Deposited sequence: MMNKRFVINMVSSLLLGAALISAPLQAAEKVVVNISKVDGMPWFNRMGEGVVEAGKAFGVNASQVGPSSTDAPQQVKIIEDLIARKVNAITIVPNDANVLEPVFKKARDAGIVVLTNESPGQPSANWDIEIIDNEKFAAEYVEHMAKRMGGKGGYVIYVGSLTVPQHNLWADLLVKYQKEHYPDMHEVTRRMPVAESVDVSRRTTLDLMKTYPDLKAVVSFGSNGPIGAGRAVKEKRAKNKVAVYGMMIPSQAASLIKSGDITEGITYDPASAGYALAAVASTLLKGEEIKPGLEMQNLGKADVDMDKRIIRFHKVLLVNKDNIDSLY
């Protein structure tokens, strides 16, 4: 008979991050004997993900995996997928109610700690910072940001957010303009953190334009090839982030296991429904050339 069908859904198409994720999805399909694909929505508007899922339910797929733009917007349609007998997995949505499992490639608490310790060392434990998130509701960016700020307050009291987190991390242009604006406004701004993959690109371009790389550090999630030029020029300080092909691969792998009626085999937290690895990738001037 035909292979079972596994479909991943990214946050939005046309992104290096999600093209790399898709490579992992497709490779896992070959590895595990499932018909695996990835659909990229036209925008980050969460209803576009809902519409894709409705289409996939209609087409009777076996598993749907997804990087949610908004956990709560998707809950009703995830319930409909589960009612249809479809396995639903998320990445970047710990605690998603209606997903069989959420998969993460890093440990949230350790990841936030690493951001703060890296930032504090370069800032001497003192100064302003800002966080960019993809949106005000996207799940993981906001959990990571929460943990970062909490950790900072409990370790380095002389560091401080210059503003509330800014929902700009999915746009290079907007991230760039925001960074220019903040650098002009806040003399003590010493670091920009972006949890979305486009934000370090925009921030790094702003820092470059203002010739500010020794004053304003840039950290965040990123694809090495996208960030390489700015890393080399020193305008992006460091990527603290993971290989999204691992996420794509793990999603399709776990789907395959469930579809084969097998028990899950990482930290597997049964009651929280989270499968977690700890595969942090640091991206810096010393290793950039090894990474793309």
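Peer 1: Since the structure holds only modelled residues, which stretches of the deposited sequence does it leave out?
Peer 2: Unmodelled stretches: 1-26, 292-301.
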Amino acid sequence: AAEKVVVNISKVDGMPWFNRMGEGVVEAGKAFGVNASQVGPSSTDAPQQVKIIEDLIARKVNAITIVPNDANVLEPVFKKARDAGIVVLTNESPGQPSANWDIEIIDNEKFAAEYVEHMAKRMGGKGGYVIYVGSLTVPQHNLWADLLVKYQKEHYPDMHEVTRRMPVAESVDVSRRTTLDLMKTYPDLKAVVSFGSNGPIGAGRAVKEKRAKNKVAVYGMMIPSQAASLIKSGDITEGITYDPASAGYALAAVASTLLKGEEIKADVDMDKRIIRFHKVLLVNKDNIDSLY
From here on, numbers count along this sequence of modelled residues.
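Peer 1: Comparing 225-233 with 256-264, which stretch shows the greater average C-alpha B-factor in the deposited entry?
Peer 2: Higher mean C-alpha B-factor: 256-264.
Peer 1: Going by the mean C-alpha B-factor recorded in the entry, which is higher: 28-36 or 61-69?
Peer 2: Looking at the recorded C-alpha B-factors, 28-36 comes out higher on average.
Peer 1: In the PDB entry, which of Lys213, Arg164, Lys121, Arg205 has its C-alpha at the highest B-factor?
Peer 2: By C-alpha B-factor in the record, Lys121 ranks first.
Peer 1: Among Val116, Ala99, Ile131, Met183, where is the Cα B factor highest in this entry?
Peer 2: Top of the list by C-alpha B-factor: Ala99.
Peer 1: Rank-wise, by C-alpha B-factor, drop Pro200 into the lowest, middle or highest third of its chain.
Peer 2: Its C-alpha B-factor, which the entry lists for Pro200, ranks in the lowest third among residues of this chain.
Peer 1: In terms of the chain's CA B-factor thirds, is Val5 lowest, middle or highest?
Peer 2: Its C-alpha B-factor belongs to the middle third of this chain's values.
Peer 1: Taking only the Cα B-factors deposited for this chain, tell me whether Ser42 sits in the lowest, middle or highest third.
Peer 2: According to the entry, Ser42 has a C-alpha B-factor in the chain's highest third.
Peer 1: Among the modelled residues of this chain, does the Cα B factor of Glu92 put it in the lowest, middle or highest third?
Peer 2: For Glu92, whose C-alpha B-factor we compare with every modelled residue in the chain, the answer is the lowest third.
Peer 1: Would you mind checking where the Cα B-factor of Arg82 ranks among the modelled residues of its chain, as the lowest, middle or highest third?
Peer 2: CA B-factor rank for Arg82: middle third.
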